[PDB]
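Note: hydrogens, waters and symmetry copies are ignored here, and every other heavy atom, side chains too, is used. All residue numbers in this chain count up from 1 along the given sequence.
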Amino acid sequence: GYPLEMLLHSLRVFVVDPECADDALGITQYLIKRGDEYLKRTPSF
């Protein structure tokens, strides 16, 4: 739902940090992979 969007949009900041980029990238991979059923209902996001 909205927690998915909030978490993705907030981790997008750490994803491009030379430190702790891998933690954010792992969480982002997991979220995009698991919330596939939702992301197909919100293509505009």
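Both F45 and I27 belong to a common hydrophobic cluster when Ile, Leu, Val, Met, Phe, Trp and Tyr are linked at side-chain heavy-atom distances under 4.5 angstrom. In the hydrophobic clustering of ILVMFWY residues, with side-chain heavy atoms under 4.5 Å counting as a link, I32 and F14 come out together.
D17 and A21 get closest at one heavy-atom pair: O-CB, 3.0 Å. Taking every heavy atom of both residues into account, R41 and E37 meet most closely at NE-O, 3.3 Å.
The shortest side-chain heavy-atom distance between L31 and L11 falls under the 4.5 Å cut-off.
Atom CZ of residue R12 and atom CG of residue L8 lie 10.0 Å apart, to the nearest 0.5 angstrom.
Residues passing the side chain to side chain contact (heavy atoms under 4.5 Å, CB included) test with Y38 are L4, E5, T42, sequence neighbours excluded.
Annotation for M6: hydrophobic cluster partners, listed by chain and number, are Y2 (ILVMFWY side-chain heavy atoms under 4.5 Å, direct or chained).
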